[PDB]
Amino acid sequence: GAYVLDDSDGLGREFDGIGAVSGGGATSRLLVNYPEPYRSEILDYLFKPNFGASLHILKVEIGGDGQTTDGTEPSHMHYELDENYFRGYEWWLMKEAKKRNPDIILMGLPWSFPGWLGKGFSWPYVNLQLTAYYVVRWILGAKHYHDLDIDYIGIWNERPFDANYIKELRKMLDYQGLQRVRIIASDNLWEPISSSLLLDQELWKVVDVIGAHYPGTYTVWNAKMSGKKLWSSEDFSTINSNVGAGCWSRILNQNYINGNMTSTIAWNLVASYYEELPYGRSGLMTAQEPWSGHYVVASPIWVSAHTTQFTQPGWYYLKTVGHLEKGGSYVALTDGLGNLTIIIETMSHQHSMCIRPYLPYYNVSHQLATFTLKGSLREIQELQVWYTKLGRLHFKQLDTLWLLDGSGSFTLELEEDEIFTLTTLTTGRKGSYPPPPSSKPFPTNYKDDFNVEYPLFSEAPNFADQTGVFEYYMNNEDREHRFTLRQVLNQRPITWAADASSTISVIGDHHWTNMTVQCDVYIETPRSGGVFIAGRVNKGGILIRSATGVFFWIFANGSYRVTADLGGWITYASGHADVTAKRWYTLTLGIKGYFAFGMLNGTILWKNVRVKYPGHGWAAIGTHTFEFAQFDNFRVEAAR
């Protein structure tokens, strides 16, 4: 009936912010080659204050060269003695975020590590000091090369932690003058990190935040006992339709109400990766067409705004938050300066299902809510009102509510799937740019000669690495092939996912059925080396080992194979070929209906080879194992 909002008996927990994840893996891959002004507009919708999502927190993957869900991300240390702080796009993303919002909170976390750290094993805790050294170098580089202060460092995403590692990382940070950097652990479940902190005083002193993944709005007793800040350091991960926006809306409120969590961070920031990769379109918005410029400002963007535009890190929750009598919830926050924000959600079960977990049915029906301000809140007599309805009307501002009659009280009629924000703040704004170009398929004719002398990014556009890492490469010794694309991993990473045994980068339109793919290739390893081109590649990311399609391989021992699968278990054709190492060859692969053919230097090597049909997928290039190889003058023609 009536809900008392008071602060006279004190406040609840400090609010730490709302944010999102870029990474785990290659989720921002397709954003970097958006043309202007669209790329800038997209970043504004995400990071610009008082405009769109206005995010408080940005969390990025610390690339380790392994596959980490929708691709691989490059590391700052590919090999021992290698350091480079200009690979990939997370540096760039963090800088764009800081330009728009200097107060944004930055976090780094590893998913995978380069193999050389394991010293023969695939384990990051063999040499604690070395792994900490690797991680701390990343934090230093962010400062020295991009003027970025990293606020939080994590351990190993959804993977076991090592208590001695966490202690060494703290020791190492301090040694490098990074006392300011805080540690969050362990980006997995509540246990065993929570009990470990109660049993080990030394561990407790070095962990600042307990971050848990997909907690279902609840926490556990040991985490409450620790007295640490508790965050949902990864949540959401749901398609950004209205139902994903509902999920996001409900948990933003109820993570604090049910679980004492004072921050929630969504995976992922923006869907800039091919939709047919795992968890397609699971970002706060969509930008998966840099060639057309088309992007979609999805419902979750405005759901966020209901909290982010009217709260800041350092505000406090009121003690008086809770559930509504007939479904839904409410939270309230102040800044200690006279401001008050009230956020109300009535998301129904049918329209707010998250993928993890799925909630047992709960009823939500029409109701009346009376709110009464007490304590310092009593003198408030004016409140701005923002409204959203999911089904649809987004972040529309309504008429001001006045509490002039001295009752410090007001009443709202609530229905299902609504959000209300009531605040004393006048700065709210539904940001708006003109509509972007219409959606268009990947170009049916496409070419890249990789001839860029000073590239803005370390990899050519639209190539999404799914195992291994491909980079622009300048070779001054060669005139015809001075500027190529090169696979630079020479050993299997300490993996997060099940990376393939072969490296591979995919590109184009997953709908493609008929295609001709051409590329110049160069095998660097004598006798044992091999490369391939392919089409109809149907799976990537987490499932990259599963990929079928048509694969045209050549090897430096003088042979070729044609396979249905990346793993090379199923043969379509095979034979001998005039192929050696350290020599440029032109491969062509044509696939039409039931049949395929392959050319070596413009001459037929095999043709009319039966392949599975119907079938569809991307084009791709790659190498037999983790080995150096170069690629040049890529072209693809295809019918969708």
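Just count from 1 along the sequence shown to find any residue number.
A.B. asks: Unmodelled deposited residues between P434 and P435: none, 1 to 3, 4 to 9, or 10 or more?
C.D. replies: Per the record, no deposited residues are absent between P434 and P435.
A.B. asks: Determine, for stretches 308-316 and 228-236, which one has the higher mean CA B-factor as deposited.
C.D. replies: Comparing averages over the C-alpha atoms only gives 308-316.
A.B. asks: Regarding 487-495 and 340-348, which shows the higher C-alpha temperature factor on average in the entry?
C.D. replies: Taking the mean C-alpha B-factor of 487-495 and of 340-348, the larger value falls to 340-348.
A.B. asks: Sorting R378, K143, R356, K98 by Cα temperature factor from the record, which one lands on top?
C.D. replies: Checking the PDB record, the top C-alpha B-factor among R378, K143, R356, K98 is at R378.
A.B. asks: Looking at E459, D200, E276, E477, which has the biggest Cα B factor in the entry?
C.D. replies: Most elevated C-alpha B-factor of the set, per the entry: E477.
A.B. asks: Thinking about Cα B factors across the chain, which third does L412 belong to?
C.D. replies: Its C-alpha B-factor, which the entry lists for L412, ranks in the highest third among residues of this chain.
A.B. asks: What third of the chain, by the recorded C-alpha B-factor, contains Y165?
C.D. replies: As the PDB entry reports it, the C-alpha B-factor of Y165 lands in the lowest third of its chain.
A.B. asks: Lowest, middle or highest third: where is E14 by C-alpha B factor in its chain?
C.D. replies: It belongs to the middle third of the chain when residues are ordered by C-alpha B-factor.
A.B. asks: In terms of the chain's CA B-factor thirds, is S195 lowest, middle or highest?
C.D. replies: Tercile = lowest for this residue's CA B-factor.
A.B. asks: Which third, lowest, middle or highest, does the C-alpha temperature factor of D187 belong to within its own chain?
C.D. replies: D187: CA B-factor falls in the lowest third of its chain.
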